[PDB]
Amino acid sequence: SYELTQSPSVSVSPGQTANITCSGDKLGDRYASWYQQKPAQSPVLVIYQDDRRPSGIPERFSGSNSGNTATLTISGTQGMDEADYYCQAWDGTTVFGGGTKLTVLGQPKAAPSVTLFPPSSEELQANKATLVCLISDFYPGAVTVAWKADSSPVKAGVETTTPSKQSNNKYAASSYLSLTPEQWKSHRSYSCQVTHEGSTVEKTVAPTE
């Protein structure tokens, strides 16, 4: 099974150059293409065959495929370039990267506040268990959430919202971990770990609380 890796979020100041990268084994042997996707809209081809630009795509978009990394370079980034960017590699078969959200900074960065609630005694009496991880006041509107059982990444049970804009123009998101009561009570702790702009906040709860 073949895999292209891209980072989920990149931010750039207006007018600066944004680099969006995509890596995969022997990606240099494959032809890379890039798609720009704005909300509720069809992806738009911005680079194909590693470094070719369709007619009508601005010259500030360029691409390269070297060192087994495909890179989309946007020089002089403009507000209108804010979007999700997908790489794609083709050798006869098609694989897409997971997408990168590019934020063109319109205000200073704001780090998330994280509140984590354990399952309530009432829900455990109903034979269920939900951990609640609430994430607020962050900008860019992009976070990664990872849950841990003791120190191990969970394999299942996570539901996480896309970030939504708050009244104050920062963003909020929430993530829920569903467990059996037996899973909750048989570990020393569970953790919600939130990554934003390369910094991480981890909150942890324990059944003895």
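Sequential numbering from 1, following the sequence displayed.
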| item | value |
| --- | --- |
| Stretch exceeding the other in mean C-alpha B-factor - 130-138, 98-106 | 98-106 |
| Mean C-alpha B-factor comparison - 63-71 and 156-164, higher one | 63-71 |
| Selection from 183, 36, 41, 33 [criterion: highest C-alpha temperature factor in the record] | 41 |
| Peak C-alpha temperature factor (PDB record), options 113, 125, 88, 77 | 77 |
| Position of residue 18 among the chain's modelled residues by C-alpha B-factor, lowest, middle or highest third | highest |
| Residue 195 CA temperature factor, ranked by third within the chain | middle |
| Cα B factor band for residue 121 (lowest, middle or highest third within the chain) | middle |
| Assigned third (lowest, middle, highest) for the C-alpha B factor of residue 57 | highest |
| B-factor third for the C-alpha atom of residue 12 within its chain | middle |
